[PDB]
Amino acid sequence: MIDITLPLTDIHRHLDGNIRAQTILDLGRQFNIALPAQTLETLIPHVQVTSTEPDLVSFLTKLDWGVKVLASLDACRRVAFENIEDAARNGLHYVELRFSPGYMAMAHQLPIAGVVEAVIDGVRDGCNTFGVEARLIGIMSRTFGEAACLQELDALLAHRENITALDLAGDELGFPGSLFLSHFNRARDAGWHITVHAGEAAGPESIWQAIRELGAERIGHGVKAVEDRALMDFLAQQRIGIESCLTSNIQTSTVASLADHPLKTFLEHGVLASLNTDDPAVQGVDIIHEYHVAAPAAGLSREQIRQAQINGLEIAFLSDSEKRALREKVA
């Protein structure tokens, strides 16, 4: 169940992996961009996983059409606004929206810092309209190499007072986290919080690298952490959050079945693991499905599902006052 007396969060949620299919059609028409399909029914298999993808890199290609229609900064503002609307429609009280401004800007060569500003604007408008609380996480898309990631870093730094955290996402095996030592040194000097996609396609060594070298306070996925008990202990003792995305892990073939997902194991070891969506539009599911379908299939008890719900706020990049206000309201 979702406990309606506790805040509902989603802290691993890619804005640019959540571009509505109707919005892809609308923007393609507005900009006269040729699309692979002309109706929702025929567009879906090009923009959404229909069963599973064979690996992480294949899954990543499903986001491409959404960002290929972003031909202006106003289009970026629209998708940011619609992302807050989607969060509101799912009963979320608090979201952290992560986005790769370089990935969003790539197709039409938009100014990368302008994409950051447009996302900030659209999220501000959406929060004002719907009342969802939100913070922004900038992503460096490792897939495009260290120099492209520096361009994204510079764009986010030009808006650093509006960005709460930095993340590394994309092709984990092709671009190990060790390559981004300098990018994260600069992020920590800027005072940003740190999360890192790690231990999804690669092993526990990638998680250790994210913690010890990149300064990660949370780990995106971290599925392979169960292979190292010392790592499990370190996560629990140091209160390093785990951002679990059950359906995503099925759809990237990171786990073959939810019955073998490590989320239950994390919670039994005292790790602050939370339930999240990842890429709602691409996956065809949102947070309600993760709680009511994916989490029971992953073997979690009712109490464990509640603990994951609590952990999402506990690991949020929010002040004690902000966390208290959300808890006091919903109680």
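Numbers follow the displayed sequence, beginning with 1.
Student: Mean CA temperature factor from the deposited coordinates, higher in 179-187 or in 257-265?
Tutor: Comparing averages over the C-alpha atoms only gives 257-265.
Student: Between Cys245, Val119, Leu173, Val95, which carries the biggest CA temperature factor in the record?
Tutor: In the PDB entry, the greatest C-alpha B-factor among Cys245, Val119, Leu173, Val95 is found at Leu173.
Student: Splitting the chain's C-alpha B-factors into thirds, which one does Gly220 fall into?
Tutor: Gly220: CA B-factor falls in the lowest third of its chain.
Student: For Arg239, return the chain-relative third of its C-alpha B-factor as stated in the PDB record: lowest, middle or highest.
Tutor: For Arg239, whose C-alpha B-factor we compare with every modelled residue in the chain, the answer is the highest third.
Student: C-alpha B factor of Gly203, ranked within the chain: lowest, middle or highest third?
Tutor: Tercile = highest for this residue's CA B-factor.
Student: Looking at the entry's B-factor column for C-alpha atoms only, identify whether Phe81 ranks in the lowest, middle or highest third of its chain.
Tutor: Answer is lowest: the recorded C-alpha B-factor places it there.
Student: Please rank the C-alpha B-factors of the chain's modelled residues and tell me whether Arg160 sits in the lowest, middle or highest third.
Tutor: Middle third, going by the recorded CA B-factors of the chain.
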